[PDB]
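In what follows, residues are counted from 1 in the order of the sequence shown. When a ligand or atom number is given, it counts from 1 through the structure's own listing order.
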Amino acid sequence: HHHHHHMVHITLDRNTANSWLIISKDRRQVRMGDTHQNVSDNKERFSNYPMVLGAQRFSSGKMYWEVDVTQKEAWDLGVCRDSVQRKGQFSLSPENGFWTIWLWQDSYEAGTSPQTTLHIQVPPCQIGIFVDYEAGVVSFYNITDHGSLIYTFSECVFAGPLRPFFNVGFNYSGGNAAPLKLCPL
Ligand SMILES: CC(=O)Nc1cc2c(cc1C)OCO2
């Protein structure tokens, strides 16, 4: 791919974070804490899952960023509508305003309804995410494997401004403590 030149500097929005997340000073890394992180509740925070949004909102153009997933056992990545549900239980699907992929139990899947099996020969340590707003495209790239395509959502109906979307996952196993990190341009 030749999407690198639409690179955008993403930062995480503390106010949207689940109350157990720890966001670094530079707003470029996030991990699961072992307890509540001593913040007040607000209507933006994801209540049920270890999720956080990027601060940036996109309503036009082409955007590209990269995320480090080294040593994680579980995570979700992609984009979502600014108006997605924050409270209670929900699935990740385009009908609910999400365009995502994930790792779970040693398998990679795209967040379609129902979910789609991904075919990845080289487990990724860094994921590239490309959004073309006007074309209605969200694509995922395996940076560890020379940028190979992972998945393309096409005919997307965004229906609003988009935000970068992250889920660090639970750490029930003791093997999923590692952070998600936004990689340098
Ligand atoms: C209905 C359902 O299983 N939802 C869900 C469960 C999760 C999660 C994210 C989502 C969307 O992060 C870890 O546990």
Side-chain angles (χ1 to χ4, degrees), residues 10 12-24 27-37 39 41-58 65-118 120 123-127 129 131 138-140 150-153 156-182:
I10 300 305
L12 298 171
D13 182 350
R14 304 192 160 280
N15 287 336
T16 69
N18 177 279
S19 62
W20 286 49
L21 295 184
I22 300 169
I23 290 168
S24 63
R27 297 181 312 106
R28 301 273 286 171
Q29 310 189 21
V30 57
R31 67 185 180 88
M32 191 53 166
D34 281 335
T35 191
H36 187 292
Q37 292 307 128
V39 292
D41 191 40
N42 70 53
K43 61 191 204 182
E44 296 177 74
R45 296 199 186 287
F46 287 102
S47 63
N48 288 43
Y49 313 109
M51 293 166 180
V52 62
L53 306 185
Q56 290 70 38
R57 284 52 157 2
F58 302 124
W65 63 96
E66 292 178 0
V67 185
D68 194 299
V69 300
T70 298
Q71 67 151 131
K72 292 192 65 59
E73 295 173 348
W75 51 262
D76 314 324
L77 287 174
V79 292
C80 65
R81 298 185 180 141
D82 63 351
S83 58
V84 295
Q85 174 188 348
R86 306 307 170 84
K87 310 302 182 179
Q89 304 165 58
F90 54 89
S91 53
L92 298 177
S93 65
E95 305 100 91
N96 287 342
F98 300 88
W99 296 267
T100 62
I101 68 171
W102 66 72
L103 172 61
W104 175 253
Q105 300 191 165
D106 202 33
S107 77
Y108 301 90
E109 301 173 322
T112 55
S113 183
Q115 78 261 42
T116 301
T117 296
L118 302 174
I120 305 188
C125 298
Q126 298 90 33
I127 300 289
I129 302 173
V131 181
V138 184
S139 294
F140 300 82
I150 296 171
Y151 193 77
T152 291
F153 292 89
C156 295
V157 179
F158 299 131
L162 290 175
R163 297 185 68 180
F165 175 78
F166 307 86
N167 185 359
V168 297
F170 293 108
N171 186 29
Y172 293 108
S173 63
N176 200 37
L180 293 175
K181 309 184 186 179
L182 284 153

Within the protein, flag every N or O under 3.5 Å from an N or O of ligand 1, and note the pair and distance.
unit_1: ligand 1; atom_1: 4 (N); unit_2: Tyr49; atom_2: OH; d: 3.2
unit_1: ligand 1; atom_1: 4 (N); unit_2: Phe90; atom_2: O; d: 3.1
unit_1: ligand 1; atom_1: 12 (O); unit_2: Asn167; atom_2: ND2; d: 3.1

**Report entry** Trace of the ring pair (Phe, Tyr, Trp, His ring centres under 6.0 Å) decision for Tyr49 with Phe90
**Finding:** CA-CA 10 Å; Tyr49 313 109; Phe90 54 89; 5.2 Å; yes

Report task. Taking all non-hydrogen atoms of both residues into account, name the closest pair between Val157 and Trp99 and its distance. Result -> O-CZ2, 3.5 Å

Report summary line: With sequence neighbours left out, the residues meeting ring-ring contact (aromatic ring centres under 6.0 Å, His included) with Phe165 are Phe98

Query raised in the report: With under 30° as parallel and over 60° as perpendicular, where do the rings of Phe170 and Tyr172 fit, or are they tilted in between?
Result: tilted

Requested in this report: Just jot down the ring-ring contact (aromatic ring centres under 6.0 Å, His included) partners of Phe58, sequence neighbours excluded, or say none.
Outcome: none

Query raised in the report: Residues two or more places apart in sequence or in another chain: which of them pass side chain to side chain contact (heavy atoms under 4.5 Å, CB included) with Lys72?
Result: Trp75, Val168, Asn176, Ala178, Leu180

